[PDB]
Amino acid sequence: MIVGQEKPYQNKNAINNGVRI
Amino acid sequence: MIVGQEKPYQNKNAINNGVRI
Amino acid sequence: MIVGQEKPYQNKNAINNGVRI
Amino acid sequence: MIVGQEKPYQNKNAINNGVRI
Amino acid sequence: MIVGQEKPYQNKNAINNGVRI
Amino acid sequence: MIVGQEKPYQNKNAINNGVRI
Amino acid sequence: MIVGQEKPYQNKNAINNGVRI
Amino acid sequence: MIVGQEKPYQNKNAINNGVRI
Amino acid sequence: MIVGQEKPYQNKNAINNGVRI
Amino acid sequence: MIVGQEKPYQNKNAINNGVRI
């Protein structure tokens, strides 16, 4: 039973490489 | 039973490479 | 039973490479 | 039973490489 | 039963490599 | 002159949410 | 002259949320 | 002249939230 | 001249939240 | 001239929150 995630709730995964204003 | 995710709820996965204003 | 996701609800997956204003 | 995460709630994972203003 | 995390709640994991203003 | 990216070369942007074997 | 990235070369940006074997 | 990154070369930005084997 | 990074070379930025084997 | 980093070379920035074997 190999499983990644169970009920991830609003996990904000961001990889910001540019510009945010 | 190999499974990635169970009920991911509003997980904001963003890879920002440009410009956001 | 190899399965990717079960009931993903409004997961906003965005790969922004350009400009958003 | 190899599993990554159980109910991660609003975990803000950010890799900021550019500019945020 | 090898598992990474159980109910991580709002863990702000940030790798800041650029500029934040 | 607001521009997102100039000559992005083979940038592999992947958002893996399921199973890859 | 607001710009995100200049010549990003093979930047592997991955947000792994499931299972990779 | 607000700019995020100049010639990022093979920067491996990974946000691993699940299982990798 | 506000800029995040200049020629980042193979910077391995990882946020491991699950299981790696 | 506000700038984050100049030629970061193979800086391994890791935030390990789970299990690594």
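Order of writing sets the chain letters: A, B, C, D, E, F, G, H, I and J. Residues in each chain are counted from 1.
Here is the rule we go by: contacts are C-beta pairs under 8 Å (C-beta built on N, C-alpha and C of every residue); 3 or more make two chains touch, one makes a residue touch a chain.
Trainee: Which angle of rotation, from 0 to 180°, maps the CA atoms of subunit B onto the equivalent atoms of subunit J, to the nearest 5?
Mentor: For the C-alpha superposition of subunit B onto subunit J, the angle is 175 degrees.
Trainee: In terms of residue-numbered contact pairs, which of D-E, A-B or D-H coincides with D-I for over half of them?
Mentor: Checked against D-I: the matching pair is D-H.
Trainee: More contacting C-beta pairs: A-B or A-H?
Mentor: The comparison resolves to A-B.
Trainee: Rounded to a whole Å, what is the gap between the Cα centroids of subunit G and subunit I?
Mentor: 9
Trainee: Averaging over Cα atoms per chain, report the distance between subunit E and subunit F in Å.
Mentor: Between these chains, centre-to-centre, one finds 22 Å.
Trainee: Which whole number of Å gives the spacing of the CA centres of subunit F and subunit I?
Mentor: 15
Trainee: Among the residues of subunit B, pick out those that touch two or more other chains and give their numbers.
Mentor: 1-21
Trainee: Taking the touch rule as given, give the residues of subunit I at its contact with subunit E in the complex, in rising order.
Mentor: On the subunit I side, the touching residues are 2-5, 8, 11, 13, 15-19, 21.
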